[PDB]
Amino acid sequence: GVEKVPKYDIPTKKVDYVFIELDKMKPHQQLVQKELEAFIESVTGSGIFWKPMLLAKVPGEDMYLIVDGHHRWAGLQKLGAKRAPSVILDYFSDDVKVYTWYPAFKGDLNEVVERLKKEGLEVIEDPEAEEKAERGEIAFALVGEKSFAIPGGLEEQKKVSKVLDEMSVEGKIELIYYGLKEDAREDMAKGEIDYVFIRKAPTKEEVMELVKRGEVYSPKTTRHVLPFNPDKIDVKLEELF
C-alpha cells in the first residue's frame, strides 16, 4: 500500500475478530486512490482478507467509528460485501494513542508546487514552516531541500491531498505516507523521496468531535497506535458477503 512500513515492528497479539456490518461503520477521513486500488486488487486476487479493521463505538449512536480501515471499508463496499472482520476498541482508553501520517513524494517539486497553486493554495518559502506546522498554525509544511509554508487549515489540507492523489494517479509522483518525519528525512538522504508534508496530529477528542459533526479529515490524518498489532487473520473474501 501507500504507507511506509515501520522501522520497528511492535508486538503482535492474537486478538481475534468479530464480523461487523460495513453499514454500521462511520468514516472520519478521505481516501487515497492508490491505497483503495491496491486493497481491492490484493483482496480479490488473493481471496484472503488478513487484517482486521479497528473500530470504536460512537457515543450516542448505534455506529462504529472507523479507527483504521477506510480503504478496506470503501473497497469492500464497492465489491458488494456486507461485513468485515473487526476489533472493537475502547477509543478513550490510554491504550489508544493517535499521531499522524505525513504525505511525501518522489518527483518534481516545481510541478507539485504549480499544481498546488492552480488549486488555489499558497506555497510560501519560509524557513520556519516545519515548526509552524507542528504547532498547527498552517495546513502543511512542505519540506526537503527547500522549506515552504502552505497556510490554512482543514480545507487546505484537503486541497493539498487532492493534488497529491491526482498526481499519483497520473504517474507524475510516487506518493508515500510516513508515520515518522525522521524516517522521511532518512529516506530523503537516500534519494528514496524528495519532499515530505508536515502537519500537527489530531487529538482523539477532535476526531470524535469531527465524526459527530458528520465531517471528515483529509486522507491519513489519524495514525492510531495500540500496544500491539493484531496478528494476521485468515478470512476468505467470500465470507464477507
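One rule holds for the numbers: they count along the sequence shown, beginning at 1.
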Looking at the deposited entry, does 108-116 or 70-78 carry the larger mean Cα B-factor?
108-116
Mean CA temperature factor from the deposited coordinates, higher in 205-213 or in 173-181?
205-213
Highest Cα B-factor in the PDB entry belongs to which of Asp126, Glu145, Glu156, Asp165?
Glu145
Looking at the C-alpha B-factor values in the deposited entry, which of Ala38, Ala189, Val32, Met53 comes out highest?
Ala189
Ordered by C-alpha B-factor within the chain, which third holds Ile10? Give me lowest, middle or highest, please.
middle
Lowest, middle or highest third: where is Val58 by C-alpha B factor in its chain?
highest
For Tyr99, the third of its chain into which the C-alpha B factor falls
middle
Divide the modelled residues of the chain into thirds by Cα B-factor and specify which third, lowest, middle or highest, holds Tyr195.
middle
